[PDB]
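Engineer: This is the structure I have questions about; it appears just below.
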Amino acid sequence: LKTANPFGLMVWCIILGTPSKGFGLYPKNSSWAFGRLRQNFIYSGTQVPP
Amino acid sequence: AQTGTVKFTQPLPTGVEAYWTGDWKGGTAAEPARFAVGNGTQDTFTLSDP
Amino acid sequence: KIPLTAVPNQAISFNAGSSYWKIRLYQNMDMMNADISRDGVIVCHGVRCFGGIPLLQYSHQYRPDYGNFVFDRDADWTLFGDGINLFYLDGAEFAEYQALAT
Amino acid sequence: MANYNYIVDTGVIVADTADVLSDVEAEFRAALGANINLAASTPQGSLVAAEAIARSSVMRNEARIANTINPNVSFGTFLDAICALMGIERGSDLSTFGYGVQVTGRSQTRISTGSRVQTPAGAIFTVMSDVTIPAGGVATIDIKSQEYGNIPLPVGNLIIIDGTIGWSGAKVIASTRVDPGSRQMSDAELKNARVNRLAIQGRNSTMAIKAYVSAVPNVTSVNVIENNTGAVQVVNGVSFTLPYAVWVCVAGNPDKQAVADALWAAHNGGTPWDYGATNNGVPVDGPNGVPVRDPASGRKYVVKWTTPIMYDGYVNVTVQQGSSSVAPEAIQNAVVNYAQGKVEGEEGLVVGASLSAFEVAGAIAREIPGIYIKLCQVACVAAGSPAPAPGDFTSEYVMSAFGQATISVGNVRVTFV
Amino acid sequence: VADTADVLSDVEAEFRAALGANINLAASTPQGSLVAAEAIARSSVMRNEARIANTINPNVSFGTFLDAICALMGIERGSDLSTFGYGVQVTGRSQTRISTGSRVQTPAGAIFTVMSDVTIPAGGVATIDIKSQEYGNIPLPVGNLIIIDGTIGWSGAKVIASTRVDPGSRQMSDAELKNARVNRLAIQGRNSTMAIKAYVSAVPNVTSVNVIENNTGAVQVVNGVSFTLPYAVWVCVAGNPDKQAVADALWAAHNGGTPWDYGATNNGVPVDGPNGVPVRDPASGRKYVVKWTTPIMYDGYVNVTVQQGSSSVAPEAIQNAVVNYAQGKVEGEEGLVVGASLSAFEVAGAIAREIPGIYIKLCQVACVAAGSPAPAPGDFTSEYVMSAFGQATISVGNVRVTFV
Amino acid sequence: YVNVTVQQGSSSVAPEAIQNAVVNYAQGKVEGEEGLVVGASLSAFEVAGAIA
């Protein structure tokens with residue numbers, strides 16, 4: 001009921017044998033394109049307002 | 001009850017608003033549901049939609 | 001039943017139900033634990049002890065035709081010989097036992 | 001170098017402390033030198049004791065969590081092994097109160113946590129301190145010692161600790177009722193909740209239908225058939241292509257709605273109930289059995305069931321006295337209570353169960369031997385019909401599945417030849 | 001998973017000892033650094049033991065895996081031995097046959113006798129038997145070789161009247177880590193799709209089960225079988241035991257009106273013509289319908305070219321590896337079952353699983369009919385597809401590897 | 001360039017996991033596999049073996 005980590009959710013996927021395609025794992029920094037600055041290489045208001 | 005028509009016997013005075021509760025054609029009206037606003041002389045009304 | 005005594009860690013051996021068993025009972029923090037052996041070959045390690053549920057869980061363990069062990073109430077080594085016992089049921093009795101369980 | 005692989009294919013081996021302590025001492029001696037001193041006073045003794053305590057502690061802590069998703073375990077782990085399906089914990093409430101009765105002197109203050117006891121000697125305290133107006137009436141709020149679902153008997157209380165000028169701790173029905181939970185689920189009735197849920201789930205519908213419909217009180221027997229075709233499979237059920245056929249027999253069914261509620265829980269999400277072709281068993285109500293909406297936040301469904309068509313049978317018997325005296329009424333009662341199945345091994349004249357004079361003679365022989373039997377013949381006809389002719393009796397009567405047979409005390413007639 | 005990161009278990013002890021007293025050494029292996037090394041070892045070992053105990057996934061566990069099964073799934077298969085009933089026995093009059101008379105079948109049987117018997121004056125008696133070991137070769141009716149007998153016992157034989165059963169053994173953890181995904185014995189949930197396979201697979205001797213449901217209102221919508229009667233389902237099982245057990249199991253897991261369906265003339269051979277007559281019911285009614293089939297025994301062929309490896313590797317290693325995979329002994333992959341298509345890449349993966357350090361250049365897989373002449377050299381191709389009711393096995397002689 | 005055709009089955013994993021796993025295979029992460037050394041032919045059968 002309070003499994004917060006994607007680790008436990010994937011473990012339960014293995015236990016019950018469900019797939020894991022449609023489920024979003026994590027918004028964490030381990031995911032691609034995130035950082036504590038991460039302002040670089042983007043349309044930063046000088047080029048285009050996003 | 002199958003046709004959803006109701007009849008008051010005595011004509012209602014002005015400004016008396018009635019409600020109804022129960023079940024009809026699947027829809028439920030557990031909370032009070034307005035169906036009539038007595039205009040002063042009419043005593044034939046019909047039920048509302050849950 | 002089985003002869004026991006009030007010691008926090010012991011082991012008793014016996015020949016019951018045409019089989020040779022060696023059981024070990026020891027206190028581990030809060031609840032008890034058990035080690036069950038047969039033939040001199042270990043069967044299970046650290047079986048947690050509860051009152052009314054059998055000690056052997058797995059089908060290949062308790063019987064093709066063997067028996068099983070049940071504690072009437074939760075074990076407490078201070079009370080052995082007074083109010084708390086360990087009983088042994090042979091194959092037919094254990095089968096009707098499991099029939100009655102559900 | 002002294003480590004043991006104590007986790008094996010079998011389980012966890014937890015060692016006695018002498019062994020781990022000797023291992024730790026050997027490790028420290030190999031670290032420093034074979035002549036080192038390891039006693040409590042010396043610092044090395046403190047270090048080795050700390051190491052031994054820590055190692056044994058971590059080993060035991062691992063061993064306690066060895067096998068946990070097996071539902072034998074307890075204390076929080078079992079809570080969520082349960083809640084994966086359904087289950088509650090906590091439940092440790094204490095019966096709060098309201099609207100007490102106190103009569104005292106003028107402008108007197110009541111000291112908190114006073115002790116008020118009721119007639120079977122249950123102790124309940126007060127909650128908030130309060131003063132008394134000069135008239136002599138105030139209300140208190142109560143809390144007992146143990147967090148149990150205790151019930152206050154509707155009688156005036158008794159005082160254990162007395163403040164100044166204070167008496168008559170009594171009740172008014174205006175007192176609010178807070179019925180508390182009392183640790184209702186400790187450890188083992190969770191296992192029994194598992195047992196009951198697994199038992200309910202394990203059955204099919206047809207298996208569950210009869211057992212769970214027989215749960216209603218005063219019921220006698222229930223016959224359930226699945227059509228399995230649009231043809232006449234057992235009875236002429238050609239209502240729909242794939243219905244369920246339900247026949248319930250009862251001694252009155254004091255609650256009409258109970259059997260409907262029982263049928264409601266026995267649904268499969270894809271099977272209609274409508275059965276019969278205006279010739280099978282007569283349903284209690286035509287279109288629907290007007291089920292109760294839902295036990296939990298739902299809407300009003302429909303179910304349909306039918307009862308067997310009532311019949312009645314006439315029994316003739318010719319006997320000789322033999323070598324003892326037997327009153328005919330005794331034999332009449334014998335047959336009649338046999339028809340109900342009072343004796344084990346015989347289920348009765350249940351719905352869709354024929355009657356044979358051979359079985360009646362068997363009952364008579366079973367109860368009272370020593371009485372010879374000449375002839376016993378049987379007959380059956382629809383309910384309420386006058387007495388049929390002497391030619392209407394036969395050896396056996398084949399009977400329809402949607403019919404129920406009964407035998408009356410005076411309906412059976414005996415002859416003493 | 002969640003089992004790594006023991007490399008930093010050293011700097012912690014160094015900083016610990018430094019913080020304890022000033023700033024001094026913790027190097028060059030004096031008594032202080034020896035205490036530090038001891039701390040290193042114990043902390044690393046404790047963390048390793050924690051990581052071993054933590055990970056309890058069905059694809060990772062061992063021995064404690066049985067509780068991961070018992071959370072949902074049915075218990076493992078207990079070892080059992082198959083008995084004999086009504087074995088003929090002839091001798092002189094008024095003789096008693098005592099228990100555990102070690103009768104011996106001609107291929108080293110070593111059968112026992114269950115209940116003591118006294119030979120009637122008619123000279124013809126029937127004695128119940130029981131085998132000695134879990135591994136028992138199916139015998140043949142002959143005069144059983146006698147080891148222990150009385151002064152009157154003459155001979156014993158096996159008549160056709162005797163009815164036998166089969167044993168059960170060899171349930172290794174590979175089968176447990178394989179049958180987790182499929183044998184979801186949801187005894188709790190009976191009338192469904194995933195439930196029927198698992199409840200049927202509880203029957204002894206049964207290897208695999210397929211159940212394909214139409215879910216529509218038109219014919220020929222499932223992967224591999226025709227319909228005839230719509231709104232139904234068809235069942236195929238392999239390694240089938242006697243009828244009644246699987247019949248009861250199948251009837252006990254459905255609920256629909258007429259879900260039974262024979263497929264068509266293009267399907268596995270039906271076990272019985274009209275039905276299977278499941279006599280008894282919980283409702284005591286005399287209902288009778290059970291319809292189910294068996295698969296078609298195909299045959300597969302494999303030919304692969306590889307390199308020679310770090311050292312000499314005999315072809316028997318590759319043959320044993322591919323045969324072992326086909327039988328389904330390897331954990332994870334169920335091998336070849338009713339409705340599984342051979343794949344060259346999968347076979348190469350199995351070979352790499354068993355014997356690594358070899359460079360496979362070419363892979364070929366072909367399938368042949370039952371009893372058909374051996375496939376021509378041009379028959380092999382990269383990929384073969386099997387239908388729902390097609391079972392294929394591989395022997396040692398169906399794989400040849402002449403590697404460059 | 002490698003192309004792989006796989007059906008999901010009952011338990012499925014994100015394609016990025018296979019991507020990282022195979023790419024880190026190419027340098028020989030696993031025991032017994034030297035990797036794509038100079039002059040070493042590349043075969044999809046070994047990619048199948050790696051994912052197996």
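In the structure tokens, each chain is lettered A, B, ... as it comes, each chain's residues begin at 1, and ligands are numbered from 1 in order of appearance.
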Taking the backbone alone, and naming residues the way the document does, which bits of range 291-369 of chain E are strand (DSSP E or B) by DSSP, as a PDB file with N, CA and C atoms, in the first residue's frame?

Structural biologist:
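Wrote out.pdb, looks like this:
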ATOM      1  N   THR E 293      -8.748 -32.387 -25.883  1.00  0.00           N
ATOM      2  CA  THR E 293      -7.953 -33.064 -26.902  1.00  0.00           C
ATOM      3  C   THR E 293      -6.523 -33.326 -26.443  1.00  0.00           C
ATOM      4  N   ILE E 296      -0.457 -32.967 -31.390  1.00  0.00           N
ATOM      5  CA  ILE E 296       0.147 -33.744 -32.465  1.00  0.00           C
ATOM      6  C   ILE E 296       1.646 -33.829 -32.219  1.00  0.00           C
ATOM      7  N   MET E 297       2.178 -35.048 -32.202  1.00  0.00           N
ATOM      8  CA  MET E 297       3.595 -35.262 -31.912  1.00  0.00           C
ATOM      9  C   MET E 297       4.410 -35.020 -33.175  1.00  0.00           C
ATOM     10  N   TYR E 298       4.935 -33.806 -33.319  1.00  0.00           N
ATOM     11  CA  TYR E 298       5.810 -33.463 -34.428  1.00  0.00           C
ATOM     12  C   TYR E 298       7.235 -33.923 -34.120  1.00  0.00           C
ATOM     13  N   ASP E 299       8.196 -33.459 -34.914  1.00  0.00           N
ATOM     14  CA  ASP E 299       9.602 -33.749 -34.672  1.00  0.00           C
ATOM     15  C   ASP E 299      10.446 -32.651 -35.306  1.00  0.00           C
ATOM     16  N   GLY E 300      11.490 -32.230 -34.593  1.00  0.00           N
ATOM     17  CA  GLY E 300      12.318 -31.129 -35.046  1.00  0.00           C
ATOM     18  C   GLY E 300      13.747 -31.512 -35.369  1.00  0.00           C
ATOM     19  N   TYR E 301      14.407 -30.712 -36.203  1.00  0.00           N
ATOM     20  CA  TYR E 301      15.774 -30.971 -36.630  1.00  0.00           C
ATOM     21  C   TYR E 301      16.617 -29.717 -36.459  1.00  0.00           C
ATOM     22  N   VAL E 302      17.859 -29.903 -36.014  1.00  0.00           N
ATOM     23  CA  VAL E 302      18.784 -28.805 -35.762  1.00  0.00           C
ATOM     24  C   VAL E 302      20.130 -29.144 -36.388  1.00  0.00           C
ATOM     25  N   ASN E 303      20.746 -28.156 -37.042  1.00  0.00           N
ATOM     26  CA  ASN E 303      22.105 -28.273 -37.560  1.00  0.00           C
ATOM     27  C   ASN E 303      22.784 -26.917 -37.439  1.00  0.00           C
ATOM     28  N   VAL E 304      23.959 -26.888 -36.811  1.00  0.00           N
ATOM     29  CA  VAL E 304      24.629 -25.639 -36.452  1.00  0.00           C
ATOM     30  C   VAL E 304      26.123 -25.762 -36.725  1.00  0.00           C
ATOM     31  N   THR E 305      26.718 -24.689 -37.247  1.00  0.00           N
ATOM     32  CA  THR E 305      28.156 -24.589 -37.463  1.00  0.00           C
ATOM     33  C   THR E 305      28.740 -23.555 -36.508  1.00  0.00           C
ATOM     34  N   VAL E 306      29.824 -23.919 -35.822  1.00  0.00           N
ATOM     35  CA  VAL E 306      30.436 -23.085 -34.797  1.00  0.00           C
ATOM     36  C   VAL E 306      31.945 -23.037 -35.021  1.00  0.00           C
ATOM     37  N   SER E 343      13.061 -21.961 -32.475  1.00  0.00           N
ATOM     38  CA  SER E 343      13.737 -20.781 -32.994  1.00  0.00           C
ATOM     39  C   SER E 343      15.238 -21.023 -32.968  1.00  0.00           C
ATOM     40  N   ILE E 360      29.613 -19.219 -32.603  1.00  0.00           N
ATOM     41  CA  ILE E 360      28.648 -19.799 -33.529  1.00  0.00           C
ATOM     42  C   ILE E 360      28.583 -18.941 -34.783  1.00  0.00           C
ATOM     43  N   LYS E 361      28.753 -19.571 -35.946  1.00  0.00           N
ATOM     44  CA  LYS E 361      28.682 -18.868 -37.221  1.00  0.00           C
ATOM     45  C   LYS E 361      27.320 -18.996 -37.894  1.00  0.00           C
ATOM     46  N   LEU E 362      26.778 -20.212 -37.986  1.00  0.00           N
ATOM     47  CA  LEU E 362      25.502 -20.450 -38.646  1.00  0.00           C
ATOM     48  C   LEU E 362      24.588 -21.256 -37.735  1.00  0.00           C
ATOM     49  N   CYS E 363      23.280 -21.046 -37.893  1.00  0.00           N
ATOM     50  CA  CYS E 363      22.270 -21.773 -37.137  1.00  0.00           C
ATOM     51  C   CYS E 363      21.109 -22.132 -38.054  1.00  0.00           C
ATOM     52  N   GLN E 364      20.605 -23.359 -37.920  1.00  0.00           N
ATOM     53  CA  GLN E 364      19.517 -23.849 -38.756  1.00  0.00           C
ATOM     54  C   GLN E 364      18.574 -24.706 -37.926  1.00  0.00           C
ATOM     55  N   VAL E 365      17.273 -24.515 -38.134  1.00  0.00           N
ATOM     56  CA  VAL E 365      16.243 -25.279 -37.438  1.00  0.00           C
ATOM     57  C   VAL E 365      15.163 -25.675 -38.437  1.00  0.00           C
ATOM     58  N   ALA E 366      14.789 -26.953 -38.432  1.00  0.00           N
ATOM     59  CA  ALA E 366      13.717 -27.456 -39.279  1.00  0.00           C
ATOM     60  C   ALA E 366      12.818 -28.373 -38.462  1.00  0.00           C
ATOM     61  N   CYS E 367      11.590 -28.550 -38.943  1.00  0.00           N
ATOM     62  CA  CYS E 367      10.599 -29.397 -38.294  1.00  0.00           C
ATOM     63  C   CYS E 367      10.080 -30.431 -39.283  1.00  0.00           C
ATOM     64  N   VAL E 368       9.813 -31.640 -38.792  1.00  0.00           N
ATOM     65  CA  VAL E 368       9.371 -32.735 -39.645  1.00  0.00           C
ATOM     66  C   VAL E 368       8.136 -33.379 -39.029  1.00  0.00           C
TER      67      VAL E 368
END

Engineer: Which residues of chain E are close to chain A, meaning at most 10 Å apart when you count only C-alpha atoms, and how do they look as a PyMOL selection string?

Structural biologist: chain E and resi 1-2+55-59+68-69+71-72+180-182+184

Engineer: For a test of reading the model, state the distance in Å between CA of residue 13 in chain A and CA of residue 59 in chain D, rounded to one decimal.

Structural biologist: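 For CA of residue 13 in chain A relative to CA of residue 59 in chain D, the distance reads 29.9 Å.
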
Engineer: Please determine the contact residues of chain D with respect to chain E at a cut-off of 8 Å, counting only C-alpha atoms, and supply them as a VMD selection string.

Structural biologist: chain D and resid 8 to 11 31 to 32 58 62 66 to 71 198 to 207 210 223 to 229 242 to 243 268 270 to 271

Engineer: Output N, CA, C and O atoms of each residue in that selection to a file, as a compact mmCIF listing (two decimals), in the first residue's frame.

Structural biologist:
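Just written: out.txt:
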# COMPACT_ATOMS: atom_id res chain seq x y z
N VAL D 8 21.65 -21.44 3.95
CA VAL D 8 21.76 -22.57 3.02
C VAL D 8 20.43 -22.79 2.31
O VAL D 8 19.46 -22.06 2.53
N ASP D 9 20.38 -23.82 1.46
CA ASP D 9 19.15 -24.14 0.74
C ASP D 9 18.03 -24.52 1.69
O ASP D 9 16.85 -24.50 1.32
N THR D 10 18.37 -24.89 2.93
CA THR D 10 17.37 -25.34 3.88
C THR D 10 16.77 -24.18 4.68
O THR D 10 15.55 -24.12 4.86
N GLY D 11 17.61 -23.26 5.15
CA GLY D 11 17.14 -22.14 5.95
C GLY D 11 18.28 -21.32 6.51
O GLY D 11 19.27 -21.07 5.81
N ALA D 31 45.04 -11.50 14.83
CA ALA D 31 45.37 -10.11 14.51
C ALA D 31 46.59 -9.63 15.29
O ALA D 31 47.51 -9.06 14.71
N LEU D 32 46.62 -9.86 16.60
CA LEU D 32 47.66 -9.29 17.45
C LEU D 32 48.79 -10.25 17.78
O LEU D 32 49.94 -10.01 17.40
N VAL D 58 23.09 -9.38 14.64
CA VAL D 58 22.75 -9.28 13.22
C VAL D 58 22.35 -10.64 12.67
O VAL D 58 21.42 -10.75 11.86
N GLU D 62 18.63 -11.35 11.05
CA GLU D 62 18.40 -11.94 9.73
C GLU D 62 17.56 -13.20 9.83
O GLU D 62 16.62 -13.39 9.05
N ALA D 66 13.53 -14.80 7.98
CA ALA D 66 13.95 -15.77 6.97
C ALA D 66 12.83 -16.07 5.98
O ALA D 66 13.03 -15.96 4.76
N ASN D 67 11.65 -16.44 6.47
CA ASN D 67 10.54 -16.82 5.61
C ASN D 67 9.29 -16.10 6.08
O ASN D 67 8.68 -16.50 7.07
N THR D 68 8.90 -15.05 5.35
CA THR D 68 7.90 -14.11 5.84
C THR D 68 6.65 -14.02 4.98
O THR D 68 5.56 -13.83 5.54
N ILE D 69 6.74 -14.18 3.66
CA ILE D 69 5.55 -14.05 2.83
C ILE D 69 4.69 -15.31 2.89
O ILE D 69 3.56 -15.33 2.41
N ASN D 70 5.22 -16.36 3.49
CA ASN D 70 4.37 -17.44 3.95
C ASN D 70 3.46 -16.89 5.04
O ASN D 70 3.95 -16.21 5.95
N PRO D 71 2.16 -17.13 4.99
CA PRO D 71 1.25 -16.43 5.90
C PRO D 71 1.25 -16.92 7.35
O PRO D 71 0.32 -16.59 8.09
N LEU D 198 -10.55 -17.88 1.40
CA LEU D 198 -10.13 -18.90 0.45
C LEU D 198 -11.22 -19.94 0.24
O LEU D 198 -11.40 -20.41 -0.89
N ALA D 199 -11.94 -20.31 1.30
CA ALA D 199 -13.03 -21.27 1.15
C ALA D 199 -14.15 -20.71 0.29
O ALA D 199 -14.70 -21.42 -0.56
N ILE D 200 -14.51 -19.44 0.49
CA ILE D 200 -15.56 -18.82 -0.32
C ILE D 200 -15.14 -18.77 -1.78
O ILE D 200 -15.91 -19.12 -2.68
N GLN D 201 -13.90 -18.34 -2.03
CA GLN D 201 -13.43 -18.24 -3.41
C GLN D 201 -13.30 -19.60 -4.08
O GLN D 201 -13.57 -19.71 -5.28
N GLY D 202 -12.93 -20.64 -3.32
CA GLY D 202 -12.57 -21.91 -3.94
C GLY D 202 -13.69 -22.55 -4.74
O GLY D 202 -13.44 -23.22 -5.75
N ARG D 203 -14.94 -22.38 -4.31
CA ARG D 203 -16.02 -23.06 -4.99
C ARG D 203 -16.28 -22.46 -6.37
O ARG D 203 -15.87 -21.33 -6.68
N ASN D 204 -16.97 -23.23 -7.20
CA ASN D 204 -17.57 -22.72 -8.43
C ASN D 204 -18.86 -21.99 -8.05
O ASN D 204 -19.09 -21.68 -6.89
N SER D 205 -19.72 -21.71 -9.03
CA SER D 205 -21.05 -21.22 -8.68
C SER D 205 -21.93 -22.37 -8.21
O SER D 205 -22.46 -22.35 -7.09
N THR D 206 -22.10 -23.39 -9.06
CA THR D 206 -22.98 -24.51 -8.74
C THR D 206 -22.60 -25.14 -7.41
O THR D 206 -23.48 -25.48 -6.60
N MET D 207 -21.30 -25.31 -7.16
CA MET D 207 -20.88 -25.76 -5.83
C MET D 207 -21.28 -24.77 -4.76
O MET D 207 -21.81 -25.16 -3.71
N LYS D 210 -25.65 -24.06 -3.90
CA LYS D 210 -26.45 -24.87 -2.98
C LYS D 210 -26.03 -24.66 -1.53
O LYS D 210 -26.88 -24.47 -0.65
N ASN D 223 -32.28 -27.48 -5.27
CA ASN D 223 -31.82 -28.17 -6.46
C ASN D 223 -31.46 -27.14 -7.51
O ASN D 223 -32.29 -26.29 -7.86
N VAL D 224 -30.24 -27.22 -8.03
CA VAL D 224 -29.75 -26.27 -9.02
C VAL D 224 -29.24 -27.05 -10.22
O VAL D 224 -28.55 -28.06 -10.07
N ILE D 225 -29.62 -26.60 -11.42
CA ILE D 225 -29.20 -27.23 -12.66
C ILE D 225 -28.78 -26.13 -13.62
O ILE D 225 -29.35 -25.04 -13.62
N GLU D 226 -27.75 -26.41 -14.42
CA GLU D 226 -27.28 -25.51 -15.45
C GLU D 226 -27.70 -26.05 -16.81
O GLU D 226 -27.49 -27.24 -17.10
N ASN D 227 -28.31 -25.20 -17.64
CA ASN D 227 -28.95 -25.68 -18.86
C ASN D 227 -27.94 -26.31 -19.82
O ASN D 227 -28.20 -27.39 -20.38
N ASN D 228 -26.82 -25.63 -20.07
CA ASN D 228 -25.70 -26.19 -20.81
C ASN D 228 -26.06 -26.36 -22.29
O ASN D 228 -25.17 -26.58 -23.13
N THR D 229 -27.34 -26.21 -22.63
CA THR D 229 -27.83 -26.22 -24.00
C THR D 229 -29.12 -25.43 -24.06
O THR D 229 -29.72 -25.11 -23.03
N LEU D 242 -28.33 -19.89 -22.34
CA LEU D 242 -27.43 -20.28 -21.25
C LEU D 242 -27.87 -19.67 -19.93
O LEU D 242 -27.21 -18.77 -19.39
N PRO D 243 -29.01 -20.12 -19.37
CA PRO D 243 -29.39 -19.66 -18.02
C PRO D 243 -28.78 -20.47 -16.89
O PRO D 243 -27.97 -21.37 -17.11
N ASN D 268 -22.02 -14.72 -11.46
CA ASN D 268 -20.82 -15.01 -12.22
C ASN D 268 -20.51 -13.96 -13.28
O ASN D 268 -19.55 -14.14 -14.03
N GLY D 270 -21.77 -13.29 -16.07
CA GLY D 270 -22.05 -13.59 -17.45
C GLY D 270 -23.16 -14.60 -17.68
O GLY D 270 -23.30 -15.11 -18.79
N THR D 271 -23.94 -14.89 -16.64
CA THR D 271 -24.97 -15.93 -16.73
C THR D 271 -26.31 -15.36 -16.29
O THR D 271 -26.44 -14.90 -15.14

Engineer: For residue 176 in chain D, list every protein, DNA or RNA residue within 7 Å, evaluated using only C-alpha atoms, and leave out those in the same chain fewer than 2 positions away; present the list as a list in words.

Structural biologist: residues 97, 98, 99, 174 and 178 of chain D

Engineer: If you count only C-alpha atoms, which residues fall within 8 Å of residue 28 in chain B, apart from same-chain ones fewer than 4 positions away, as a list in words?

Structural biologist: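 After dropping sequence-adjacent residues, the list is residues 21, 22, 23, 24 and 50 of chain B; 299 of chain D.
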
Engineer: Could you please take those selected residues and save N, CA, C and O atoms as a PDB file, in the first residue's frame?

Structural biologist:
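Once written, again_16.pdb looks like this:
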ATOM      1  N   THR B  21     -37.323  10.998  -3.677  1.00  0.00           N
ATOM      2  CA  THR B  21     -36.192  10.102  -3.503  1.00  0.00           C
ATOM      3  C   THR B  21     -36.639   8.675  -3.790  1.00  0.00           C
ATOM      4  O   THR B  21     -37.823   8.342  -3.688  1.00  0.00           O
ATOM      5  N   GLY B  22     -35.684   7.841  -4.154  1.00  0.00           N
ATOM      6  CA  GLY B  22     -35.966   6.464  -4.506  1.00  0.00           C
ATOM      7  C   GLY B  22     -35.167   6.065  -5.736  1.00  0.00           C
ATOM      8  O   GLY B  22     -34.085   6.595  -5.982  1.00  0.00           O
ATOM      9  N   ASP B  23     -35.729   5.131  -6.498  1.00  0.00           N
ATOM     10  CA  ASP B  23     -35.089   4.606  -7.695  1.00  0.00           C
ATOM     11  C   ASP B  23     -36.096   4.536  -8.833  1.00  0.00           C
ATOM     12  O   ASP B  23     -37.250   4.142  -8.640  1.00  0.00           O
ATOM     13  N   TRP B  24     -35.645   4.914 -10.029  1.00  0.00           N
ATOM     14  CA  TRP B  24     -36.506   4.900 -11.206  1.00  0.00           C
ATOM     15  C   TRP B  24     -35.660   4.659 -12.445  1.00  0.00           C
ATOM     16  O   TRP B  24     -34.639   5.329 -12.634  1.00  0.00           O
ATOM     17  N   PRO B  50     -33.296  11.188 -12.242  1.00  0.00           N
ATOM     18  CA  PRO B  50     -32.147  10.964 -11.355  1.00  0.00           C
ATOM     19  C   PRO B  50     -30.822  10.938 -12.098  1.00  0.00           C
ATOM     20  O   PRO B  50     -30.751  11.312 -13.273  1.00  0.00           O
TER      21      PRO B  50
ATOM     22  N   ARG D 299     -26.091  -0.221  -6.622  1.00  0.00           N
ATOM     23  CA  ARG D 299     -27.410   0.029  -7.184  1.00  0.00           C
ATOM     24  C   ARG D 299     -28.171  -1.287  -7.261  1.00  0.00           C
ATOM     25  O   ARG D 299     -27.603  -2.368  -7.093  1.00  0.00           O
TER      26      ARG D 299
END

Engineer: What are the closest atom pairs, with distances in Å to one decimal, for all residues of chain E lying within 6 Å of chain F? Consider only C-alpha atoms, order rows by chain and residue number, and present the result as a Markdown table.

Structural biologist:
| residue | atom | partner | partner_atom | distance |
| --- | --- | --- | --- | --- |
| E:345 | CA | F:45 | CA | 5.7 |
| E:349 | CA | F:49 | CA | 3.7 |
| E:352 | CA | F:49 | CA | 5.6 |
| E:357 | CA | F:32 | CA | 5.9 |

Engineer: Take the residues just selected and output them with N, CA and C atoms as a compact mmCIF listing (two decimals), in the first residue's frame.

Structural biologist:
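Listed below is the output, result.txt:
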# COMPACT_ATOMS: atom_id res chain seq x y z
N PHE E 345 17.67 -18.80 -33.01
CA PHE E 345 18.32 -17.90 -32.06
C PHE E 345 18.17 -18.39 -30.64
N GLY E 349 21.09 -19.44 -28.13
CA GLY E 349 21.16 -18.90 -26.79
C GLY E 349 21.30 -19.98 -25.73
N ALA E 352 24.89 -21.20 -25.85
CA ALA E 352 25.76 -20.25 -25.16
C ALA E 352 25.55 -20.30 -23.65
N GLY E 357 32.30 -19.45 -24.62
CA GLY E 357 33.62 -19.48 -25.22
C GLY E 357 33.69 -20.16 -26.57

Engineer: Near chain A, which residues of chain F fall within 10 Å when you count only C-alpha atoms, and what do they look like as a list in words?

Structural biologist: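 Close to chain A, chain F has residues 8, 9, 10, 11, 12, 13, 14 and 15 of chain F.
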
Engineer: For the residues selected in the previous step, produce a file with N, CA, C and O atoms as a short mmCIF file (atom, residue, chain, number, x, y, z; two decimals), in the first residue's frame.

Structural biologist:
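Dumped to selection02.cif:
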data_model
loop_
_atom_site.label_atom_id
_atom_site.label_comp_id
_atom_site.auth_asym_id
_atom_site.auth_seq_id
_atom_site.Cartn_x
_atom_site.Cartn_y
_atom_site.Cartn_z
N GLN F 8 6.30 -9.33 -26.21
CA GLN F 8 6.40 -8.93 -24.81
C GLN F 8 6.26 -10.12 -23.86
O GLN F 8 7.01 -10.24 -22.89
N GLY F 9 5.30 -11.01 -24.12
CA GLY F 9 5.02 -12.08 -23.19
C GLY F 9 4.26 -11.60 -21.97
O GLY F 9 3.56 -10.58 -22.03
N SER F 10 4.41 -12.31 -20.85
CA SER F 10 3.72 -11.96 -19.61
C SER F 10 4.53 -11.03 -18.72
O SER F 10 3.95 -10.21 -18.01
N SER F 11 5.86 -11.14 -18.73
CA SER F 11 6.72 -10.18 -18.04
C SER F 11 7.57 -9.47 -19.08
O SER F 11 8.23 -10.13 -19.89
N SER F 12 7.55 -8.15 -19.05
CA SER F 12 8.21 -7.32 -20.05
C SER F 12 9.11 -6.32 -19.36
O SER F 12 8.86 -5.94 -18.21
N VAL F 13 10.16 -5.89 -20.05
CA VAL F 13 11.13 -4.94 -19.52
C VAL F 13 11.26 -3.80 -20.52
O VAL F 13 11.02 -3.99 -21.72
N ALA F 14 11.63 -2.62 -20.04
CA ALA F 14 11.77 -1.47 -20.91
C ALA F 14 12.86 -1.72 -21.95
O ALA F 14 13.86 -2.39 -21.66
N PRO F 15 12.69 -1.22 -23.18
CA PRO F 15 13.73 -1.45 -24.20
C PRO F 15 15.06 -0.83 -23.83
O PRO F 15 16.11 -1.34 -24.27
#
